[PDB]
>>> print(open('query.pdb').read())   # PDB, N, CA and C atoms (P, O5', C5', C4', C3', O3' and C1' of nucleotides)
ATOM      1  N   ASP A   1       0.865  11.871  19.149
ATOM      2  CA  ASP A   1      -0.409  11.129  18.928
ATOM      3  C   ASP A   1      -0.237  10.161  17.756
ATOM      4  N   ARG A   2      -0.671  10.550  16.587
ATOM      5  CA  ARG A   2      -0.531   9.653  15.405
ATOM      6  C   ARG A   2       0.921   9.662  14.923
ATOM      7  N   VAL A   3       1.438   8.524  14.545
ATOM      8  CA  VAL A   3       2.838   8.472  14.038
ATOM      9  C   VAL A   3       2.808   8.844  12.560
ATOM     10  N   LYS A   4       3.936   8.972  11.922
ATOM     11  CA  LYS A   4       3.906   9.337  10.483
ATOM     12  C   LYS A   4       3.450   8.128   9.677
ATOM     13  N   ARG A   5       3.310   8.274   8.386
ATOM     14  CA  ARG A   5       2.817   7.131   7.574
ATOM     15  C   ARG A   5       3.332   7.192   6.118
ATOM     16  N   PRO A   6       4.576   6.829   5.907
ATOM     17  CA  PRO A   6       5.150   6.847   4.551
ATOM     18  C   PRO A   6       4.314   5.934   3.637
ATOM     19  N   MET A   7       4.479   6.040   2.345
ATOM     20  CA  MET A   7       3.682   5.176   1.424
ATOM     21  C   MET A   7       3.956   3.706   1.752
ATOM     22  N   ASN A   8       2.958   2.868   1.651
ATOM     23  CA  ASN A   8       3.148   1.422   1.975
ATOM     24  C   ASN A   8       3.636   0.660   0.737
ATOM     25  N   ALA A   9       4.426  -0.362   0.933
ATOM     26  CA  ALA A   9       4.937  -1.150  -0.225
ATOM     27  C   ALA A   9       3.781  -1.505  -1.162
ATOM     28  N   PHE A  10       2.575  -1.505  -0.665
ATOM     29  CA  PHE A  10       1.417  -1.839  -1.543
ATOM     30  C   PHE A  10       1.089  -0.622  -2.410
ATOM     31  N   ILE A  11       0.898   0.515  -1.807
ATOM     32  CA  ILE A  11       0.578   1.718  -2.612
ATOM     33  C   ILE A  11       1.779   2.039  -3.508
ATOM     34  N   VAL A  12       2.944   1.527  -3.195
ATOM     35  CA  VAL A  12       4.112   1.784  -4.086
ATOM     36  C   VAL A  12       3.742   1.273  -5.480
ATOM     37  N   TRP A  13       3.275   0.051  -5.552
ATOM     38  CA  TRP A  13       2.881  -0.518  -6.866
ATOM     39  C   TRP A  13       1.879   0.417  -7.526
ATOM     40  N   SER A  14       0.893   0.863  -6.789
ATOM     41  CA  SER A  14      -0.125   1.779  -7.380
ATOM     42  C   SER A  14       0.575   2.840  -8.231
ATOM     43  N   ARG A  15       1.394   3.647  -7.620
ATOM     44  CA  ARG A  15       2.124   4.708  -8.379
ATOM     45  C   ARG A  15       2.610   4.167  -9.739
ATOM     46  N   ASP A  16       3.621   3.340  -9.721
ATOM     47  CA  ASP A  16       4.183   2.797 -11.001
ATOM     48  C   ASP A  16       3.300   1.696 -11.606
ATOM     49  N   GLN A  17       2.979   0.684 -10.860
ATOM     50  CA  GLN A  17       2.163  -0.423 -11.435
ATOM     51  C   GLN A  17       0.898   0.130 -12.096
ATOM     52  N   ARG A  18       0.192   1.028 -11.461
ATOM     53  CA  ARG A  18      -1.040   1.552 -12.115
ATOM     54  C   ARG A  18      -0.660   2.257 -13.425
ATOM     55  N   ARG A  19       0.483   2.898 -13.481
ATOM     56  CA  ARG A  19       0.876   3.577 -14.754
ATOM     57  C   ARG A  19       0.742   2.570 -15.897
ATOM     58  N   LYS A  20       1.039   1.326 -15.632
ATOM     59  CA  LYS A  20       0.926   0.289 -16.698
ATOM     60  C   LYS A  20      -0.542   0.134 -17.097
ATOM     61  N   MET A  21      -1.391  -0.075 -16.136
ATOM     62  CA  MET A  21      -2.840  -0.246 -16.432
ATOM     63  C   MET A  21      -3.394   1.028 -17.078
ATOM     64  N   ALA A  22      -2.892   2.169 -16.695
ATOM     65  CA  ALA A  22      -3.407   3.443 -17.280
ATOM     66  C   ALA A  22      -2.941   3.590 -18.732
ATOM     67  N   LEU A  23      -1.773   3.108 -19.051
ATOM     68  CA  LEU A  23      -1.272   3.237 -20.452
ATOM     69  C   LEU A  23      -2.142   2.419 -21.406
ATOM     70  N   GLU A  24      -2.215   1.140 -21.187
ATOM     71  CA  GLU A  24      -3.003   0.264 -22.094
ATOM     72  C   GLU A  24      -4.501   0.295 -21.746
ATOM     73  N   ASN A  25      -4.868   0.677 -20.542
ATOM     74  CA  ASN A  25      -6.326   0.708 -20.181
ATOM     75  C   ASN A  25      -6.682   1.982 -19.390
ATOM     76  N   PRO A  26      -6.422   3.138 -19.963
ATOM     77  CA  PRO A  26      -6.750   4.419 -19.302
ATOM     78  C   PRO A  26      -8.277   4.623 -19.264
ATOM     79  N   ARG A  27      -9.045   3.655 -19.714
ATOM     80  CA  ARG A  27     -10.541   3.815 -19.736
ATOM     81  C   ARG A  27     -11.230   2.669 -18.983
ATOM     82  N   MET A  28     -10.859   2.436 -17.756
ATOM     83  CA  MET A  28     -11.515   1.347 -16.974
ATOM     84  C   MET A  28     -12.836   1.867 -16.399
ATOM     85  N   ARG A  29     -13.932   1.254 -16.755
ATOM     86  CA  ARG A  29     -15.246   1.718 -16.223
ATOM     87  C   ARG A  29     -15.401   1.248 -14.776
ATOM     88  N   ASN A  30     -15.794   0.018 -14.580
ATOM     89  CA  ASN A  30     -15.964  -0.496 -13.192
ATOM     90  C   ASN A  30     -14.627  -0.421 -12.449
ATOM     91  N   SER A  31     -14.547  -1.020 -11.287
ATOM     92  CA  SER A  31     -13.275  -0.992 -10.498
ATOM     93  C   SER A  31     -12.549  -2.331 -10.658
ATOM     94  N   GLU A  32     -11.972  -2.569 -11.809
ATOM     95  CA  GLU A  32     -11.251  -3.856 -12.042
ATOM     96  C   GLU A  32      -9.804  -3.745 -11.552
ATOM     97  N   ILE A  33      -9.167  -2.627 -11.783
ATOM     98  CA  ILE A  33      -7.751  -2.470 -11.338
ATOM     99  C   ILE A  33      -7.598  -2.974  -9.898
ATOM    100  N   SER A  34      -8.679  -3.080  -9.173
ATOM    101  CA  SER A  34      -8.583  -3.565  -7.768
ATOM    102  C   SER A  34      -8.311  -5.075  -7.755
ATOM    103  N   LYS A  35      -9.187  -5.849  -8.337
ATOM    104  CA  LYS A  35      -8.988  -7.329  -8.355
ATOM    105  C   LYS A  35      -7.793  -7.697  -9.240
ATOM    106  N   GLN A  36      -7.435  -6.854 -10.168
ATOM    107  CA  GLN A  36      -6.285  -7.182 -11.060
ATOM    108  C   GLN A  36      -4.996  -7.240 -10.241
ATOM    109  N   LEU A  37      -4.741  -6.252  -9.439
ATOM    110  CA  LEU A  37      -3.496  -6.277  -8.623
ATOM    111  C   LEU A  37      -3.523  -7.493  -7.699
ATOM    112  N   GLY A  38      -4.645  -7.781  -7.102
ATOM    113  CA  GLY A  38      -4.710  -8.965  -6.201
ATOM    114  C   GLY A  38      -4.128 -10.177  -6.931
ATOM    115  N   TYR A  39      -4.440 -10.317  -8.190
ATOM    116  CA  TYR A  39      -3.907 -11.466  -8.976
ATOM    117  C   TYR A  39      -2.373 -11.361  -9.054
ATOM    118  N   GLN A  40      -1.851 -10.165  -9.135
ATOM    119  CA  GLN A  40      -0.367  -9.992  -9.213
ATOM    120  C   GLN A  40       0.279 -10.402  -7.880
ATOM    121  N   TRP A  41      -0.419 -10.234  -6.795
ATOM    122  CA  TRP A  41       0.149 -10.601  -5.462
ATOM    123  C   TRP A  41       0.318 -12.116  -5.359
ATOM    124  N   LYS A  42      -0.657 -12.878  -5.757
ATOM    125  CA  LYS A  42      -0.493 -14.355  -5.690
ATOM    126  C   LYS A  42       0.605 -14.758  -6.678
ATOM    127  N   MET A  43       1.027 -13.821  -7.486
ATOM    128  CA  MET A  43       2.107 -14.082  -8.487
ATOM    129  C   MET A  43       2.915 -12.789  -8.640
ATOM    130  N   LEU A  44       3.674 -12.433  -7.635
ATOM    131  CA  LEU A  44       4.458 -11.162  -7.694
ATOM    132  C   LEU A  44       5.507 -11.222  -8.807
ATOM    133  N   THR A  45       5.576 -10.189  -9.603
ATOM    134  CA  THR A  45       6.576 -10.144 -10.709
ATOM    135  C   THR A  45       7.926  -9.668 -10.147
ATOM    136  N   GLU A  46       8.925 -10.512 -10.174
ATOM    137  CA  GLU A  46      10.265 -10.120  -9.636
ATOM    138  C   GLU A  46      10.825  -8.935 -10.423
ATOM    139  N   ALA A  47      10.512  -8.846 -11.682
ATOM    140  CA  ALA A  47      11.029  -7.715 -12.503
ATOM    141  C   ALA A  47      10.593  -6.390 -11.882
ATOM    142  N   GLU A  48       9.615  -6.434 -11.018
ATOM    143  CA  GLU A  48       9.098  -5.188 -10.374
ATOM    144  C   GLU A  48       9.513  -5.142  -8.890
ATOM    145  N   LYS A  49       9.715  -6.281  -8.280
ATOM    146  CA  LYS A  49      10.078  -6.303  -6.831
ATOM    147  C   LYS A  49      11.435  -5.639  -6.584
ATOM    148  N   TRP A  50      12.488  -6.312  -6.953
ATOM    149  CA  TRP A  50      13.867  -5.785  -6.720
ATOM    150  C   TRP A  50      13.965  -4.237  -6.852
ATOM    151  N   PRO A  51      13.591  -3.651  -7.977
ATOM    152  CA  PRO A  51      13.700  -2.186  -8.149
ATOM    153  C   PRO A  51      13.316  -1.371  -6.893
ATOM    154  N   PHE A  52      12.048  -1.263  -6.556
ATOM    155  CA  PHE A  52      11.673  -0.391  -5.381
ATOM    156  C   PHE A  52      11.830  -1.080  -4.009
ATOM    157  N   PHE A  53      11.927  -2.377  -3.929
ATOM    158  CA  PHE A  53      12.077  -3.001  -2.572
ATOM    159  C   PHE A  53      13.428  -2.614  -1.948
ATOM    160  N   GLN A  54      14.424  -2.343  -2.739
ATOM    161  CA  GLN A  54      15.740  -1.967  -2.150
ATOM    162  C   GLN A  54      15.539  -0.831  -1.148
ATOM    163  N   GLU A  55      15.079   0.289  -1.616
ATOM    164  CA  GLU A  55      14.861   1.445  -0.703
ATOM    165  C   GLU A  55      13.757   1.111   0.309
ATOM    166  N   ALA A  56      12.693   0.481  -0.115
ATOM    167  CA  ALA A  56      11.586   0.154   0.840
ATOM    168  C   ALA A  56      12.165  -0.389   2.151
ATOM    169  N   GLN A  57      13.322  -0.987   2.092
ATOM    170  CA  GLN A  57      13.941  -1.522   3.334
ATOM    171  C   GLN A  57      14.377  -0.361   4.231
ATOM    172  N   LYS A  58      15.050   0.619   3.684
ATOM    173  CA  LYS A  58      15.500   1.760   4.538
ATOM    174  C   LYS A  58      14.283   2.510   5.112
ATOM    175  N   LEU A  59      13.158   2.505   4.434
ATOM    176  CA  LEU A  59      11.956   3.203   4.999
ATOM    177  C   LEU A  59      11.630   2.590   6.364
ATOM    178  N   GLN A  60      11.486   1.297   6.405
ATOM    179  CA  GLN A  60      11.138   0.613   7.684
ATOM    180  C   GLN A  60      12.237   0.806   8.737
ATOM    181  N   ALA A  61      13.455   0.488   8.404
ATOM    182  CA  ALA A  61      14.572   0.603   9.396
ATOM    183  C   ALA A  61      14.687   2.018   9.986
ATOM    184  N   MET A  62      14.683   3.026   9.165
ATOM    185  CA  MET A  62      14.844   4.419   9.688
ATOM    186  C   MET A  62      13.695   4.795  10.640
ATOM    187  N   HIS A  63      12.494   4.834  10.142
ATOM    188  CA  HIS A  63      11.337   5.238  10.992
ATOM    189  C   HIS A  63      11.153   4.298  12.193
ATOM    190  N   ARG A  64      11.438   3.031  12.063
ATOM    191  CA  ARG A  64      11.258   2.128  13.243
ATOM    192  C   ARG A  64      12.205   2.576  14.362
ATOM    193  N   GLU A  65      13.316   3.169  14.017
ATOM    194  CA  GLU A  65      14.267   3.625  15.070
ATOM    195  C   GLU A  65      13.718   4.881  15.750
ATOM    196  N   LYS A  66      12.897   5.632  15.063
ATOM    197  CA  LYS A  66      12.333   6.875  15.672
ATOM    198  C   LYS A  66      11.110   6.531  16.537
ATOM    199  N   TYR A  67      10.595   5.332  16.414
ATOM    200  CA  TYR A  67       9.385   4.931  17.202
ATOM    201  C   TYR A  67       9.571   3.506  17.756
ATOM    202  N   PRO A  68      10.591   3.309  18.566
ATOM    203  CA  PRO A  68      10.891   1.979  19.128
ATOM    204  C   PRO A  68       9.611   1.209  19.487
ATOM    205  N   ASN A  69       9.005   1.496  20.610
ATOM    206  CA  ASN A  69       7.762   0.758  21.009
ATOM    207  C   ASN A  69       6.542   1.669  20.868
ATOM    208  N   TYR A  70       6.693   2.820  20.269
ATOM    209  CA  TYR A  70       5.510   3.715  20.120
ATOM    210  C   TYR A  70       4.582   3.133  19.051
ATOM    211  N   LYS A  71       3.447   2.606  19.441
ATOM    212  CA  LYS A  71       2.503   2.009  18.441
ATOM    213  C   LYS A  71       1.354   2.982  18.164
ATOM    214  N   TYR A  72       0.344   2.530  17.470
ATOM    215  CA  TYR A  72      -0.810   3.420  17.155
ATOM    216  C   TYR A  72      -1.584   3.748  18.435
ATOM    217  N   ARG A  73      -2.013   4.977  18.571
ATOM    218  CA  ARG A  73      -2.782   5.392  19.786
ATOM    219  C   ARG A  73      -3.912   6.339  19.357
TER     220      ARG A  73
ATOM    221  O5'  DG B   1     -11.960  -7.646  12.346
ATOM    222  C5'  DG B   1     -12.825  -7.413  13.461
ATOM    223  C4'  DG B   1     -12.278  -6.331  14.381
ATOM    224  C3'  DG B   1     -12.136  -4.989  13.666
ATOM    225  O3'  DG B   1     -13.120  -4.056  14.122
ATOM    226  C1'  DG B   1     -10.032  -5.645  14.717
ATOM    227  P    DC B   2     -13.364  -2.675  13.332
ATOM    228  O5'  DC B   2     -12.088  -1.791  13.766
ATOM    229  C5'  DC B   2     -12.196  -0.845  14.833
ATOM    230  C4'  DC B   2     -10.837  -0.241  15.204
ATOM    231  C3'  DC B   2     -10.389   0.845  14.219
ATOM    232  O3'  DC B   2     -10.546   2.150  14.781
ATOM    233  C1'  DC B   2      -8.576  -0.707  14.723
ATOM    234  P    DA B   3     -10.429   3.457  13.845
ATOM    235  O5'  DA B   3      -8.836   3.663  13.718
ATOM    236  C5'  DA B   3      -8.147   4.569  14.585
ATOM    237  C4'  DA B   3      -6.785   4.978  14.018
ATOM    238  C3'  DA B   3      -6.903   5.586  12.615
ATOM    239  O3'  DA B   3      -6.617   6.989  12.640
ATOM    240  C1'  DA B   3      -5.274   3.771  12.642
ATOM    241  P    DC B   4      -6.935   7.917  11.361
ATOM    242  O5'  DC B   4      -5.688   7.617  10.384
ATOM    243  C5'  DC B   4      -4.414   8.219  10.627
ATOM    244  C4'  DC B   4      -3.400   7.869   9.531
ATOM    245  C3'  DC B   4      -3.944   8.155   8.124
ATOM    246  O3'  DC B   4      -3.410   9.369   7.586
ATOM    247  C1'  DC B   4      -2.920   5.943   8.248
ATOM    248  P    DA B   5      -4.166  10.135   6.380
ATOM    249  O5'  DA B   5      -3.476   9.512   5.061
ATOM    250  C5'  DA B   5      -2.216  10.007   4.601
ATOM    251  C4'  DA B   5      -1.457   8.957   3.770
ATOM    252  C3'  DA B   5      -1.782   9.018   2.260
ATOM    253  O3'  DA B   5      -2.380  10.250   1.840
ATOM    254  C1'  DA B   5      -2.337   6.850   3.116
ATOM    255  P    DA B   6      -3.250  10.326   0.480
ATOM    256  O5'  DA B   6      -2.533   9.223  -0.460
ATOM    257  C5'  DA B   6      -1.426   9.547  -1.310
ATOM    258  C4'  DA B   6      -1.558   8.862  -2.679
ATOM    259  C3'  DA B   6      -2.678   9.480  -3.528
ATOM    260  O3'  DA B   6      -2.149  10.141  -4.681
ATOM    261  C1'  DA B   6      -3.061   7.093  -3.200
ATOM    262  P    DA B   7      -3.119  10.997  -5.640
ATOM    263  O5'  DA B   7      -3.646   9.892  -6.684
ATOM    264  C5'  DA B   7      -2.716   9.123  -7.446
ATOM    265  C4'  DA B   7      -3.380   7.914  -8.107
ATOM    266  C3'  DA B   7      -4.604   8.309  -8.931
ATOM    267  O3'  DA B   7      -4.301   8.331 -10.327
ATOM    268  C1'  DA B   7      -5.111   6.429  -7.462
ATOM    269  P    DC B   8      -5.317   9.023 -11.367
ATOM    270  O5'  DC B   8      -6.355   7.833 -11.684
ATOM    271  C5'  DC B   8      -6.087   6.900 -12.731
ATOM    272  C4'  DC B   8      -6.922   5.622 -12.596
ATOM    273  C3'  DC B   8      -8.340   5.797 -13.128
ATOM    274  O3'  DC B   8      -8.440   5.380 -14.493
ATOM    275  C1'  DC B   8      -8.356   4.660 -10.981
TER     276       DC B   8
ATOM    277  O5'  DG C   1     -19.317   2.362  -2.486
ATOM    278  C5'  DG C   1     -20.111   1.647  -3.436
ATOM    279  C4'  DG C   1     -19.244   0.901  -4.447
ATOM    280  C3'  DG C   1     -18.247  -0.032  -3.745
ATOM    281  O3'  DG C   1     -18.604  -0.266  -2.361
ATOM    282  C1'  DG C   1     -17.069   1.606  -5.085
ATOM    283  P    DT C   2     -17.548  -0.216  -1.135
ATOM    284  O5'  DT C   2     -16.173  -0.759  -1.785
ATOM    285  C5'  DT C   2     -16.048  -2.105  -2.235
ATOM    286  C4'  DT C   2     -14.645  -2.384  -2.786
ATOM    287  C3'  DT C   2     -13.624  -2.603  -1.673
ATOM    288  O3'  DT C   2     -13.426  -3.994  -1.420
ATOM    289  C1'  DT C   2     -12.749  -1.089  -3.376
ATOM    290  P    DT C   3     -12.655  -4.471  -0.092
ATOM    291  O5'  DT C   3     -11.138  -4.599  -0.605
ATOM    292  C5'  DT C   3     -10.850  -5.292  -1.819
ATOM    293  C4'  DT C   3      -9.471  -4.926  -2.369
ATOM    294  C3'  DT C   3      -8.356  -5.211  -1.366
ATOM    295  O3'  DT C   3      -7.710  -6.451  -1.669
ATOM    296  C1'  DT C   3      -8.110  -2.993  -2.357
ATOM    297  P    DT C   4      -7.309  -7.494  -0.504
ATOM    298  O5'  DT C   4      -5.842  -6.986  -0.089
ATOM    299  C5'  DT C   4      -4.839  -6.824  -1.090
ATOM    300  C4'  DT C   4      -3.730  -5.875  -0.634
ATOM    301  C3'  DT C   4      -3.175  -6.244   0.744
ATOM    302  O3'  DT C   4      -1.900  -6.880   0.622
ATOM    303  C1'  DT C   4      -3.575  -3.843   0.550
ATOM    304  P    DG C   5      -1.288  -7.730   1.845
ATOM    305  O5'  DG C   5      -0.264  -6.688   2.518
ATOM    306  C5'  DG C   5       0.869  -6.207   1.789
ATOM    307  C4'  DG C   5       1.663  -5.186   2.607
ATOM    308  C3'  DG C   5       2.045  -5.734   3.992
ATOM    309  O3'  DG C   5       3.465  -5.718   4.175
ATOM    310  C1'  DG C   5       0.788  -3.659   4.200
ATOM    311  P    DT C   6       4.136  -6.492   5.417
ATOM    312  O5'  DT C   6       4.080  -5.394   6.595
ATOM    313  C5'  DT C   6       4.839  -4.183   6.499
ATOM    314  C4'  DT C   6       4.571  -3.241   7.678
ATOM    315  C3'  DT C   6       4.628  -3.960   9.029
ATOM    316  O3'  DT C   6       5.863  -3.704   9.699
ATOM    317  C1'  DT C   6       2.679  -2.497   8.878
ATOM    318  P    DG C   7       6.310  -4.617  10.948
ATOM    319  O5'  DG C   7       5.221  -4.233  12.073
ATOM    320  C5'  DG C   7       5.482  -3.176  12.997
ATOM    321  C4'  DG C   7       4.490  -3.157  14.157
ATOM    322  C3'  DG C   7       4.285  -4.536  14.781
ATOM    323  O3'  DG C   7       5.113  -4.727  15.928
ATOM    324  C1'  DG C   7       2.154  -3.415  14.410
ATOM    325  P    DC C   8       5.263  -6.193  16.578
ATOM    326  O5'  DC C   8       3.959  -6.293  17.518
ATOM    327  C5'  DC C   8       3.950  -5.665  18.802
ATOM    328  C4'  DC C   8       2.594  -5.799  19.501
ATOM    329  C3'  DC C   8       2.241  -7.254  19.804
ATOM    330  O3'  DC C   8       2.517  -7.575  21.170
ATOM    331  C1'  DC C   8       0.355  -6.082  18.787
TER     332       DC C   8
END
>>> encode(input="query.pdb", output="structure tokens")
Amino acid sequence: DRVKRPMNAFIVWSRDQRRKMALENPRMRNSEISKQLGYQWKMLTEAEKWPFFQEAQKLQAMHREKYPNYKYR
DNA sequence: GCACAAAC
DNA sequence: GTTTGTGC
């Protein structure tokens, strides 16, 4: 039925990227961390891309082989 | 447009 | 309260 769902390259940033916002701003009242990341996307920091994108590639290649044309159902 | 995950 | 990527 449902296929598996490894973390998405977007939530990847959450894990580590949010650690940054939590260190200097562990007291965010409203939901700003949401629009803040959006700003990082229109300007992705390469210092952060290369590190986790390397493996992020094997995530797609491996699981895509286990579900050739099997899409969401 | 719908289905799935996480943290503040 | 909410965002975003993947797939057609």
>>> closest_atom_pairs(input="query.pdb", of="chain B", to="chain A", cutoff="6 Å", atoms="only N, CA and C atoms (P, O5', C5', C4', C3', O3' and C1' of nucleotides)", output="Markdown table")
| residue | atom | partner | partner_atom | distance |
| --- | --- | --- | --- | --- |
| B:4 | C1' | A:5 | CA | 5.9 |
| B:5 | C4' | A:5 | C | 5.6 |
| B:8 | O3' | A:26 | C | 4.8 |
>>> interface_residues(input="query.pdb", of="chain C", to="chain A", cutoff="6 Å", atoms="all atoms listed in the file", output="number ranges by chain")
C: 3-5
>>> atom_distance(input="query.pdb", atom1="atom N of residue 45 of chain A", atom2="atom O3' of residue 1 of chain C")
27.1 Å
>>> select_by_dssp(input="query.pdb", residues="segment 28-57 of chain A", states="helix (DSSP H, G or I)", output="ChimeraX atom specification")
/A:32-41,46-57
>>> write_last_selection(input="query.pdb", atoms="N, CA and C atoms", output="PDB file, in the frame of the given file")
ATOM      1  N   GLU A  32     -11.972  -2.569 -11.809  1.00  0.00           N
ATOM      2  CA  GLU A  32     -11.251  -3.856 -12.042  1.00  0.00           C
ATOM      3  C   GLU A  32      -9.804  -3.745 -11.552  1.00  0.00           C
ATOM      4  N   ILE A  33      -9.167  -2.627 -11.783  1.00  0.00           N
ATOM      5  CA  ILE A  33      -7.751  -2.470 -11.338  1.00  0.00           C
ATOM      6  C   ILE A  33      -7.598  -2.974  -9.898  1.00  0.00           C
ATOM      7  N   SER A  34      -8.679  -3.080  -9.173  1.00  0.00           N
ATOM      8  CA  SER A  34      -8.583  -3.565  -7.768  1.00  0.00           C
ATOM      9  C   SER A  34      -8.311  -5.075  -7.755  1.00  0.00           C
ATOM     10  N   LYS A  35      -9.187  -5.849  -8.337  1.00  0.00           N
ATOM     11  CA  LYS A  35      -8.988  -7.329  -8.355  1.00  0.00           C
ATOM     12  C   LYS A  35      -7.793  -7.697  -9.240  1.00  0.00           C
ATOM     13  N   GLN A  36      -7.435  -6.854 -10.168  1.00  0.00           N
ATOM     14  CA  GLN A  36      -6.285  -7.182 -11.060  1.00  0.00           C
ATOM     15  C   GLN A  36      -4.996  -7.240 -10.241  1.00  0.00           C
ATOM     16  N   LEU A  37      -4.741  -6.252  -9.439  1.00  0.00           N
ATOM     17  CA  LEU A  37      -3.496  -6.277  -8.623  1.00  0.00           C
ATOM     18  C   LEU A  37      -3.523  -7.493  -7.699  1.00  0.00           C
ATOM     19  N   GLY A  38      -4.645  -7.781  -7.102  1.00  0.00           N
ATOM     20  CA  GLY A  38      -4.710  -8.965  -6.201  1.00  0.00           C
ATOM     21  C   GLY A  38      -4.128 -10.177  -6.931  1.00  0.00           C
ATOM     22  N   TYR A  39      -4.440 -10.317  -8.190  1.00  0.00           N
ATOM     23  CA  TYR A  39      -3.907 -11.466  -8.976  1.00  0.00           C
ATOM     24  C   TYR A  39      -2.373 -11.361  -9.054  1.00  0.00           C
ATOM     25  N   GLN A  40      -1.851 -10.165  -9.135  1.00  0.00           N
ATOM     26  CA  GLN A  40      -0.367  -9.992  -9.213  1.00  0.00           C
ATOM     27  C   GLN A  40       0.279 -10.402  -7.880  1.00  0.00           C
ATOM     28  N   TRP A  41      -0.419 -10.234  -6.795  1.00  0.00           N
ATOM     29  CA  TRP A  41       0.149 -10.601  -5.462  1.00  0.00           C
ATOM     30  C   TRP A  41       0.318 -12.116  -5.359  1.00  0.00           C
ATOM     31  N   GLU A  46       8.925 -10.512 -10.174  1.00  0.00           N
ATOM     32  CA  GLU A  46      10.265 -10.120  -9.636  1.00  0.00           C
ATOM     33  C   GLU A  46      10.825  -8.935 -10.423  1.00  0.00           C
ATOM     34  N   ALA A  47      10.512  -8.846 -11.682  1.00  0.00           N
ATOM     35  CA  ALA A  47      11.029  -7.715 -12.503  1.00  0.00           C
ATOM     36  C   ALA A  47      10.593  -6.390 -11.882  1.00  0.00           C
ATOM     37  N   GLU A  48       9.615  -6.434 -11.018  1.00  0.00           N
ATOM     38  CA  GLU A  48       9.098  -5.188 -10.374  1.00  0.00           C
ATOM     39  C   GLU A  48       9.513  -5.142  -8.890  1.00  0.00           C
ATOM     40  N   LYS A  49       9.715  -6.281  -8.280  1.00  0.00           N
ATOM     41  CA  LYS A  49      10.078  -6.303  -6.831  1.00  0.00           C
ATOM     42  C   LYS A  49      11.435  -5.639  -6.584  1.00  0.00           C
ATOM     43  N   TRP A  50      12.488  -6.312  -6.953  1.00  0.00           N
ATOM     44  CA  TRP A  50      13.867  -5.785  -6.720  1.00  0.00           C
ATOM     45  C   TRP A  50      13.965  -4.237  -6.852  1.00  0.00           C
ATOM     46  N   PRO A  51      13.591  -3.651  -7.977  1.00  0.00           N
ATOM     47  CA  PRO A  51      13.700  -2.186  -8.149  1.00  0.00           C
ATOM     48  C   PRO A  51      13.316  -1.371  -6.893  1.00  0.00           C
ATOM     49  N   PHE A  52      12.048  -1.263  -6.556  1.00  0.00           N
ATOM     50  CA  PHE A  52      11.673  -0.391  -5.381  1.00  0.00           C
ATOM     51  C   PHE A  52      11.830  -1.080  -4.009  1.00  0.00           C
ATOM     52  N   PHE A  53      11.927  -2.377  -3.929  1.00  0.00           N
ATOM     53  CA  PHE A  53      12.077  -3.001  -2.572  1.00  0.00           C
ATOM     54  C   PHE A  53      13.428  -2.614  -1.948  1.00  0.00           C
ATOM     55  N   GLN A  54      14.424  -2.343  -2.739  1.00  0.00           N
ATOM     56  CA  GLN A  54      15.740  -1.967  -2.150  1.00  0.00           C
ATOM     57  C   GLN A  54      15.539  -0.831  -1.148  1.00  0.00           C
ATOM     58  N   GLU A  55      15.079   0.289  -1.616  1.00  0.00           N
ATOM     59  CA  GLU A  55      14.861   1.445  -0.703  1.00  0.00           C
ATOM     60  C   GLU A  55      13.757   1.111   0.309  1.00  0.00           C
ATOM     61  N   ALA A  56      12.693   0.481  -0.115  1.00  0.00           N
ATOM     62  CA  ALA A  56      11.586   0.154   0.840  1.00  0.00           C
ATOM     63  C   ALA A  56      12.165  -0.389   2.151  1.00  0.00           C
ATOM     64  N   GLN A  57      13.322  -0.987   2.092  1.00  0.00           N
ATOM     65  CA  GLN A  57      13.941  -1.522   3.334  1.00  0.00           C
ATOM     66  C   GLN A  57      14.377  -0.361   4.231  1.00  0.00           C
TER      67      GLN A  57
END
>>> atom_distance(input="query.pdb", atom1="atom C of residue 54 of chain A", atom2="atom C3' of residue 8 of chain C")
25.6 Å
>>> atom_distance(input="query.pdb", atom1="atom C1' of residue 7 of chain C", atom2="atom CA of residue 52 of chain A")
22.2 Å
